[PDB]
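J.: This is the structure I want to talk about, given as structure tokens.
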Amino acid sequence: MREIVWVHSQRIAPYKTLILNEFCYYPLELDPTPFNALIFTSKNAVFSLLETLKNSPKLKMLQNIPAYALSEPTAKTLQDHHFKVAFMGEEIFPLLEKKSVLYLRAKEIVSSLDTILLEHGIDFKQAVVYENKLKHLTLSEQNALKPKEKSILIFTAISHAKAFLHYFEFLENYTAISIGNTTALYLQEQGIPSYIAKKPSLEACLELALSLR
């Protein structure tokens with residue numbers, strides 16, 4: 001029976017998981033006074049604010065400014081951590097028209113929401129509050145993390161595929177699984193085939209992995 005390995009940001013017990021990246025947090029230096037809307041694309045920008053600004057009056061201010069999110073999970077994370085979540089309807093770009101928006105963002109270019117905002121004529125500023133960065137692993141750490149031969153490897157984002165290939169040979173006998181086509185097409189650019197989950201969820205990745213074990 002083939003071993004199933006997650007290459008992802010969080011441990012999925014009891015499955016072997018390779019966590020090869022780490023988040024680095026940067027304090028928000030900007031005065032948020034000019035802004036009446038915040039926008040987030042990742043929960044990691046929320047966690048960054050919570051940590052670098054814990055108990056600060058700056059955090060209270062930020063928790064008081066109506067916050068918009070692009071996905072439900074990010075909205076729930078904001079909601080769960082005492083931010084003021086804006087009314088988003090029973091398509092958020094219209095709600096942002098005539099607003100001064102602060103985008104709390106990753107250092108790396110992923111969705112380039114900045115271009116999308118600029119294209120919609122939204123008055124916005126961006127502040128980098130986190131970076132998803134490759135771990136510096138010791139030799140010993142690497143040997144412990146090397147998958148067994150014939151492993152099925154689940155890649156949940158490009159950053160994870162990239163980090164894996166930085167450290168480990170992709171053996172012909174491994175089978176790659178991609179959460180969605182952006183991951184899969186990155187792997188294919190690297191010469192690596194993979195099967196893609198039927199929906200881009202962790203649950204669908206495991207169904208696929210188990211069908212192959």
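Chain labels run A, B, ... following the order of the structure tokens; each chain numbers its residues from 1, and ligands are numbered from 1 in the order shown.
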Can you pull out every residue from stretch 2-210 of chain A that DSSP, working from the backbone, puts in alpha helix (DSSP H), and format the result as an MDAnalysis selection string?
T.: chainID A and resid 43:52 57:63 72:80 93:96 113:119 139:145 158:167 181:189 202:210
J.: Name all residues at most 7 Å from residue A:129 (count only C-alpha atoms; drop same-chain ones fewer than 5 positions away) and give them as a PyMOL selection string.
T.: chain A and resi 25-28+45+48+104-106
J.: Keeping only N, CA, C and O atoms, take the residues you just selected and write them out as a PDB file, in the first residue's frame.
T.:
```
ATOM      1  N   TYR A  25       5.849  37.630   9.577  1.00  0.00           N
ATOM      2  CA  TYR A  25       4.964  38.767   9.835  1.00  0.00           C
ATOM      3  C   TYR A  25       5.703  40.093   9.899  1.00  0.00           C
ATOM      4  O   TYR A  25       6.789  40.167  10.479  1.00  0.00           O
ATOM      5  N   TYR A  26       5.111  41.120   9.280  1.00  0.00           N
ATOM      6  CA  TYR A  26       5.656  42.474   9.266  1.00  0.00           C
ATOM      7  C   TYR A  26       4.667  43.440   9.908  1.00  0.00           C
ATOM      8  O   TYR A  26       3.490  43.471   9.538  1.00  0.00           O
ATOM      9  N   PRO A  27       5.136  44.224  10.888  1.00  0.00           N
ATOM     10  CA  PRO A  27       4.249  45.193  11.535  1.00  0.00           C
ATOM     11  C   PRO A  27       3.649  46.197  10.545  1.00  0.00           C
ATOM     12  O   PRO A  27       4.286  46.587   9.564  1.00  0.00           O
ATOM     13  N   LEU A  28       2.416  46.591  10.805  1.00  0.00           N
ATOM     14  CA  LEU A  28       1.782  47.642  10.033  1.00  0.00           C
ATOM     15  C   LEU A  28       2.249  48.988  10.573  1.00  0.00           C
ATOM     16  O   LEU A  28       1.920  49.371  11.712  1.00  0.00           O
ATOM     17  N   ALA A  45      -3.048  37.400   6.576  1.00  0.00           N
ATOM     18  CA  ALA A  45      -2.985  38.842   6.825  1.00  0.00           C
ATOM     19  C   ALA A  45      -3.741  39.207   8.107  1.00  0.00           C
ATOM     20  O   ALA A  45      -3.309  40.086   8.845  1.00  0.00           O
ATOM     21  N   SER A  48      -1.449  37.940  11.024  1.00  0.00           N
ATOM     22  CA  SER A  48      -0.339  38.862  11.107  1.00  0.00           C
ATOM     23  C   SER A  48      -0.709  40.081  11.945  1.00  0.00           C
ATOM     24  O   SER A  48       0.043  40.461  12.834  1.00  0.00           O
ATOM     25  N   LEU A 104      -4.569  44.754   3.086  1.00  0.00           N
ATOM     26  CA  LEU A 104      -3.529  44.105   3.897  1.00  0.00           C
ATOM     27  C   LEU A 104      -3.128  42.816   3.194  1.00  0.00           C
ATOM     28  O   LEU A 104      -3.932  41.878   3.067  1.00  0.00           O
ATOM     29  N   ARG A 105      -1.891  42.785   2.706  1.00  0.00           N
ATOM     30  CA  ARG A 105      -1.532  41.813   1.674  1.00  0.00           C
ATOM     31  C   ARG A 105      -0.224  41.041   1.915  1.00  0.00           C
ATOM     32  O   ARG A 105       0.572  41.388   2.802  1.00  0.00           O
ATOM     33  N   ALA A 106      -0.028  40.006   1.100  1.00  0.00           N
ATOM     34  CA  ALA A 106       1.215  39.265   1.011  1.00  0.00           C
ATOM     35  C   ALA A 106       2.261  40.052   0.226  1.00  0.00           C
ATOM     36  O   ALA A 106       1.930  40.880  -0.632  1.00  0.00           O
TER      37      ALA A 106
END
```
J.: Show me, as a list in words, the residues that have an atom within 12 Å of residue A:139 when counting only C-alpha atoms, minus same-chain residues fewer than 5 positions from it.
T.: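 Once the adjacent positions are removed, what remains is residues 144, 145, 146, 167 and 168 of chain A.
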J.: Go ahead and write the selection's residues with N, CA and C atoms as a PDB file, in the first residue's frame.
T.:
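Below is the file out-v2.pdb, written as the result:
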```pdb
ATOM      1  N   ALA A 144      14.547  13.200   7.455  1.00  0.00           N
ATOM      2  CA  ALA A 144      13.305  12.822   8.145  1.00  0.00           C
ATOM      3  C   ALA A 144      12.039  13.108   7.315  1.00  0.00           C
ATOM      4  N   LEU A 145      12.103  14.121   6.461  1.00  0.00           N
ATOM      5  CA  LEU A 145      10.932  14.517   5.695  1.00  0.00           C
ATOM      6  C   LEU A 145      10.861  13.857   4.318  1.00  0.00           C
ATOM      7  N   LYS A 146      11.957  13.251   3.857  1.00  0.00           N
ATOM      8  CA  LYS A 146      11.971  12.660   2.520  1.00  0.00           C
ATOM      9  C   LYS A 146      10.882  11.573   2.444  1.00  0.00           C
ATOM     10  N   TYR A 167      13.911  21.004  -2.415  1.00  0.00           N
ATOM     11  CA  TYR A 167      14.632  20.105  -1.517  1.00  0.00           C
ATOM     12  C   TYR A 167      14.761  18.657  -1.978  1.00  0.00           C
ATOM     13  N   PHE A 168      13.798  18.182  -2.756  1.00  0.00           N
ATOM     14  CA  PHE A 168      13.681  16.758  -3.027  1.00  0.00           C
ATOM     15  C   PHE A 168      13.531  16.464  -4.504  1.00  0.00           C
TER      16      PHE A 168
END
```
J.: Please return, as number ranges by chain, all residues of stretch 62-169 of chain A that DSSP assigns to strand (DSSP E or B) on the basis of the backbone.
T.: A: 67-69, 85, 100-106, 123-134, 152-155
J.: Using only C-alpha atoms, can you tell me which of A:156, A:151, A:79, A:188 comes closest to residue A:5?
T.: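 Distance minimum relative to residue A:5 lands on A:151.
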J.: Can you work out the spacing between atom CA of residue A:22 and atom CA of residue A:133 in Å, to one decimal?
T.: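 A separation of 5.3 Å between them.
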J.: List the spatial neighbours of stretch 113-127 of chain A as an NGL selection string - criterion: any atom at most 7 Å away, only C-alpha atoms, same-chain residues fewer than 2 positions off excluded.
T.: :A and (96-97 or 99-105 or 111 or 129)
J.: Provide the atom CA of residue A:193 to atom CA of residue A:9 distance in Å, to one decimal place.
T.: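 Between these atoms lies a distance of 21.9 Å.
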J.: Hey, which of A:69, A:194, A:142, A:160 ends up closest to residue A:176? Count only C-alpha atoms.
T.: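 Closest residue, counting only C-alpha atoms: A:194.
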J.: Choose the residue, out of A:165, A:154, A:171, A:130, that has the smallest atom-to-atom separation from residue A:209; count only C-alpha atoms.
T.: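 Smallest distance to residue A:209 is found for A:154.
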J.: Might you pull out every residue within 10 Å of residue A:64, with only C-alpha atoms counted and same-chain residues fewer than 4 positions away left off, and present them as a list in words?
T.: residues 36, 37, 38, 58, 59, 60, 82, 83, 84 and 85 of chain A
J.: Keeping only N, CA, C and O atoms, take the residues you just selected and write them out as a PDB file, in the first residue's frame.
T.:
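Written out: again_31.pdb:
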```pdb
ATOM      1  N   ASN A  36     -11.666  53.987   5.399  1.00  0.00           N
ATOM      2  CA  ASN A  36     -12.968  53.494   5.892  1.00  0.00           C
ATOM      3  C   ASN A  36     -13.350  52.096   5.380  1.00  0.00           C
ATOM      4  O   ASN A  36     -14.489  51.639   5.564  1.00  0.00           O
ATOM      5  N   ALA A  37     -12.396  51.427   4.737  1.00  0.00           N
ATOM      6  CA  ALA A  37     -12.565  50.042   4.322  1.00  0.00           C
ATOM      7  C   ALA A  37     -11.236  49.317   4.319  1.00  0.00           C
ATOM      8  O   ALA A  37     -10.218  49.859   3.876  1.00  0.00           O
ATOM      9  N   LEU A  38     -11.254  48.082   4.799  1.00  0.00           N
ATOM     10  CA  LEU A  38     -10.097  47.212   4.682  1.00  0.00           C
ATOM     11  C   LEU A  38     -10.457  46.069   3.743  1.00  0.00           C
ATOM     12  O   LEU A  38     -11.622  45.659   3.661  1.00  0.00           O
ATOM     13  N   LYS A  58      -3.673  50.458  17.771  1.00  0.00           N
ATOM     14  CA  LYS A  58      -3.755  50.371  16.317  1.00  0.00           C
ATOM     15  C   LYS A  58      -4.640  49.198  15.873  1.00  0.00           C
ATOM     16  O   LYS A  58      -5.410  49.327  14.926  1.00  0.00           O
ATOM     17  N   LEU A  59      -4.546  48.079  16.586  1.00  0.00           N
ATOM     18  CA  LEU A  59      -5.367  46.919  16.307  1.00  0.00           C
ATOM     19  C   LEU A  59      -6.857  47.191  16.564  1.00  0.00           C
ATOM     20  O   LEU A  59      -7.709  46.786  15.763  1.00  0.00           O
ATOM     21  N   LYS A  60      -7.165  47.853  17.682  1.00  0.00           N
ATOM     22  CA  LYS A  60      -8.541  48.235  17.980  1.00  0.00           C
ATOM     23  C   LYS A  60      -9.110  49.098  16.861  1.00  0.00           C
ATOM     24  O   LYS A  60     -10.239  48.838  16.416  1.00  0.00           O
ATOM     25  N   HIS A  82     -12.967  39.178  15.838  1.00  0.00           N
ATOM     26  CA  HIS A  82     -13.451  40.472  16.352  1.00  0.00           C
ATOM     27  C   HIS A  82     -13.232  41.685  15.429  1.00  0.00           C
ATOM     28  O   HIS A  82     -13.255  42.830  15.872  1.00  0.00           O
ATOM     29  N   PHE A  83     -13.038  41.429  14.143  1.00  0.00           N
ATOM     30  CA  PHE A  83     -13.002  42.519  13.176  1.00  0.00           C
ATOM     31  C   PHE A  83     -14.438  42.877  12.826  1.00  0.00           C
ATOM     32  O   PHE A  83     -15.351  42.061  13.012  1.00  0.00           O
ATOM     33  N   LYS A  84     -14.627  44.112  12.384  1.00  0.00           N
ATOM     34  CA  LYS A  84     -15.896  44.590  11.874  1.00  0.00           C
ATOM     35  C   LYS A  84     -16.093  44.175  10.404  1.00  0.00           C
ATOM     36  O   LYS A  84     -15.528  44.772   9.483  1.00  0.00           O
ATOM     37  N   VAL A  85     -16.918  43.164  10.177  1.00  0.00           N
ATOM     38  CA  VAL A  85     -17.132  42.681   8.809  1.00  0.00           C
ATOM     39  C   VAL A  85     -18.259  43.458   8.114  1.00  0.00           C
ATOM     40  O   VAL A  85     -19.383  43.503   8.608  1.00  0.00           O
TER      41      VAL A  85
END
```
J.: Hey, which of A:135, A:198, A:81, A:213 ends up closest to residue A:20? Count only C-alpha atoms.
T.: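 Using only C-alpha atoms, the shortest distance to residue A:20 belongs to A:135.
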